[PDB]
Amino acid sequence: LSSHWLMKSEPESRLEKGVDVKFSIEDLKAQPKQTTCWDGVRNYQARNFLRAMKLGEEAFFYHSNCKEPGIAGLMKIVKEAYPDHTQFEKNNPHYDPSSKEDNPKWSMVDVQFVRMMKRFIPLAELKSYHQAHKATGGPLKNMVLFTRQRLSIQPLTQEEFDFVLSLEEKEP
């Protein structure tokens, strides 16, 4: 079995150090080759999850910190972890003065859009299922989306990934 991931981005506008960190799935889809590099991860637990990712592994594009937060679509990894250049750019939002270039602290991956979900899967729906499965022993009982609330890159089990995909087929 392969690994599956969840990766958060903010679709609504918000300024960090004067610059817009907005990146929706529509913004990915508009990209050249619908491909971008996933810069600006500055959490050690999360960076390590990037380092664990492999060519072709799928990931949910989660929308966070907006009016309707939830999973919007699928993308896959097209380039494994490598140095994030933005940590050395002096005025960049995600600049890190303690990062030296002989061994760079922070990593990023390249991701490519695959598809939208048949429908948006809001956080609130996910949360009902997660609370319910704590009682019923179902597939979202240990989902990282709710067990580790401040983590932008998350592993998912086969169980969890398939369950999210089955919700896609149901009525809202």
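Numbers for residues come from their place in the sequence shown, where the first is 1.
Taking the mean of the C-alpha B-factors per stretch from the entry, tell me the winner out of 148 to 156 and 20 to 28. Higher mean C-alpha B-factor: 20 to 28.
Given the B-factors recorded for C-alpha atoms, which segment has the greater mean, 100 to 108 or 63 to 71? That would be 100 to 108.
I'd like to know which of 133, 33, 47, 127 has the highest C-alpha temperature factor in the PDB entry. In this record, 33 carries the highest C-alpha B-factor of the candidates.
With respect to C-alpha B-factor, does residue 167 fall in the lowest, middle or highest third of the chain as deposited? Middle third of the chain for residue 167's C-alpha B-factor.
By the record's CA B-factor, is residue 56 among the lowest, middle or highest third of residues in the chain? Within its chain, residue 56 is a highest-third residue by C-alpha B-factor, going by the deposited values.
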